[PDB]
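Below: one structure, written as structure tokens.
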Amino acid sequence: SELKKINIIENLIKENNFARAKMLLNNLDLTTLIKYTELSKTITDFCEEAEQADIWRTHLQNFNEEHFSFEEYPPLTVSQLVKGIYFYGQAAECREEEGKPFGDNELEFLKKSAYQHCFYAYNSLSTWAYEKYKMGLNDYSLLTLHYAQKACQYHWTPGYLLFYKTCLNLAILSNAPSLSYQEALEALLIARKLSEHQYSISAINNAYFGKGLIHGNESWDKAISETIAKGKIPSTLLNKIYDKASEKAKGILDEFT
């Protein structure tokens, strides 16, 4: 029984048979393991401790292919990374079955994936909200930028590149696009100032599946120059934006030293 099988691992953790509970947890498929952490406070708390991180790394290493391997980087934990990848994979299968993009099932898995702060989910959800906004639903632009902003909290350069691209797409549909282009420039500059950090290099690996920053979104100076030209950003505001980007990027690089 499902209720009986959960109580078996729950009691092992309560009886302090940690090696025995960890032994049974490793035999589970990822679907059942994740489902147990959702149905049991005892299981999920045990699976979030430091010595249980190898349970998730085994599943993370199963996702690795021949010419691509996922990499870990803070602030996200290894369980958030594995659950986010799994729920996003379930969303991709839901789209294959329904036949249309962003069905109810796919959106449900995308939000569970975004709850684990998966970059793929934030990227796909921002596209979903942008198309909603583009077809006339005005307040969905709020969700579009929110999902891109959350990607900045956890995914370093690819996150800020998503926020930068989201601001460009919102500027296209805006009648006063100056503020959108100014916000796009700041996020674009921050993405460059973070592109050298080790954790951001791993984020670029995961976000674009090892295909690099060029085969995912042309050149740094080319993109910066076109944002300033398209946005008609005056020279007075440039120094303010460059200073804000350097200040916010410095606080990020100092926290991860």
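If you're wondering about the labels, chains in the structure tokens are A, B, ... by order shown, residues count from 1 in each chain, ligands from 1 in order shown.
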* Would you list the contacts of range 79-85 of chain A as number ranges by chain, taking every protein, DNA or RNA residue within 6 Å and counting only C-alpha atoms, but skipping same-chain residues closer than 6 positions in sequence? => A: 56, 60, 113, 116, 118
If we count only C-alpha atoms, what is near residue 14 in chain A at a cut-off of 12 Å, once residues fewer than 6 positions away on the same chain are taken out, given as a JSON list (two decimals) with C-alpha atoms, in the first residue's frame?
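File produced: result_18.json:
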[["chain", "number", "residue", "atom", "x", "y", "z"],
["A", 7, "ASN", "CA", 5.00, 4.70, 6.96],
["A", 8, "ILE", "CA", 7.85, 2.19, 6.54],
["A", 20, "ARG", "CA", 18.22, 1.91, 6.51],
["A", 21, "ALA", "CA", 15.79, 4.66, 5.50],
["A", 41, "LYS", "CA", 7.05, 16.00, 6.46],
["A", 42, "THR", "CA", 9.31, 13.34, 7.99],
["A", 43, "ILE", "CA", 10.63, 12.21, 4.60],
["A", 45, "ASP", "CA", 13.03, 17.05, 6.14],
["A", 46, "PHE", "CA", 15.30, 13.99, 6.18]]
* Asked: Which residues, written as a VMD selection string, have at least one atom at most 10 Å from residue 205 in chain A, with only C-alpha atoms counted and residues fewer than 3 positions away on the same chain left out?
  -> chain A and resid 68 to 72 158 199 to 202 208 to 213
* To do: Can you list, as a ChimeraX atom specification, all residues belonging to range 27-249 of chain A that DSSP tags as alpha helix (DSSP H)?
  => /A:27,30-39,41-47,53-63,78-98,104-115,119-134,140-154,156-172,178-194,198-207,220-231,235-249
* To do: Identify, on the basis of only C-alpha atoms, every residue whose closest approach to residue 108 in chain A does not exceed 12 Å; exclude the query and any residue fewer than 2 positions from it along the same chain; express the result as a ChimeraX atom specification.
  => /A:87-88,90-92,94-95,102-106,110-115,121,125
Next, the residues of the selection above should be written as a short mmCIF file (atom, residue, chain, number, x, y, z; two decimals), in the first residue's frame with C-alpha atoms.
data_model
loop_
_atom_site.label_atom_id
_atom_site.label_comp_id
_atom_site.auth_asym_id
_atom_site.auth_seq_id
_atom_site.Cartn_x
_atom_site.Cartn_y
_atom_site.Cartn_z
CA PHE A 87 8.79 18.61 -13.08
CA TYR A 88 9.89 20.43 -16.23
CA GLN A 90 6.81 16.13 -16.93
CA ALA A 91 5.58 19.42 -18.39
CA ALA A 92 7.28 18.63 -21.71
CA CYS A 94 2.18 16.88 -21.11
CA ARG A 95 2.63 19.18 -24.11
CA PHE A 102 0.59 25.49 -22.38
CA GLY A 103 -2.28 23.15 -21.62
CA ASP A 104 -3.68 22.88 -18.11
CA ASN A 105 -1.52 19.84 -17.33
CA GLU A 106 1.67 21.43 -18.67
CA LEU A 110 5.55 24.20 -14.98
CA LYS A 111 4.41 25.87 -11.75
CA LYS A 112 5.61 22.95 -9.63
CA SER A 113 8.91 23.23 -11.50
CA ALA A 114 8.98 26.99 -10.90
CA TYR A 115 8.25 26.35 -7.22
CA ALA A 121 10.18 26.71 -15.90
CA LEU A 125 6.28 30.50 -17.95
#
* To do: Find the residues around residue 26 in chain A up to 12 Å (only C-alpha atoms counted), leave out those fewer than 6 positions away in its own chain, and share them as a ChimeraX atom specification.
  => /A:9,19-20,32-34,47,52-59
Residues of range 150-223 of chain A that approach range 235-253 of chain A to 8 Å or less, counting only C-alpha atoms: could you list each one with the shortest pair of atoms and its distance in Å to one decimal, rows by chain and increasing residue number, as JSON lines?
{"residue": "A:182", "atom": "CA", "partner": "A:241", "partner_atom": "CA", "distance": 7.5}
{"residue": "A:185", "atom": "CA", "partner": "A:241", "partner_atom": "CA", "distance": 7.5}
{"residue": "A:186", "atom": "CA", "partner": "A:245", "partner_atom": "CA", "distance": 5.5}
{"residue": "A:187", "atom": "CA", "partner": "A:245", "partner_atom": "CA", "distance": 7.3}
{"residue": "A:189", "atom": "CA", "partner": "A:245", "partner_atom": "CA", "distance": 6.0}
{"residue": "A:190", "atom": "CA", "partner": "A:245", "partner_atom": "CA", "distance": 5.2}
{"residue": "A:193", "atom": "CA", "partner": "A:249", "partner_atom": "CA", "distance": 6.4}
{"residue": "A:194", "atom": "CA", "partner": "A:249", "partner_atom": "CA", "distance": 6.6}
{"residue": "A:197", "atom": "CA", "partner": "A:253", "partner_atom": "CA", "distance": 7.6}
Output file for the selection above: C-alpha atoms, as a compact mmCIF listing (two decimals), in the first residue's frame:
# COMPACT_ATOMS: atom_id res chain seq x y z
CA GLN A 182 16.52 51.19 -19.69
CA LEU A 185 20.22 47.59 -20.46
CA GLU A 186 20.79 47.28 -16.71
CA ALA A 187 19.97 43.56 -16.73
CA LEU A 189 25.10 44.78 -18.16
CA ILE A 190 24.66 42.75 -14.97
CA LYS A 193 29.49 41.44 -15.21
CA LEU A 194 28.46 38.04 -13.79
CA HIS A 197 31.98 33.77 -12.07
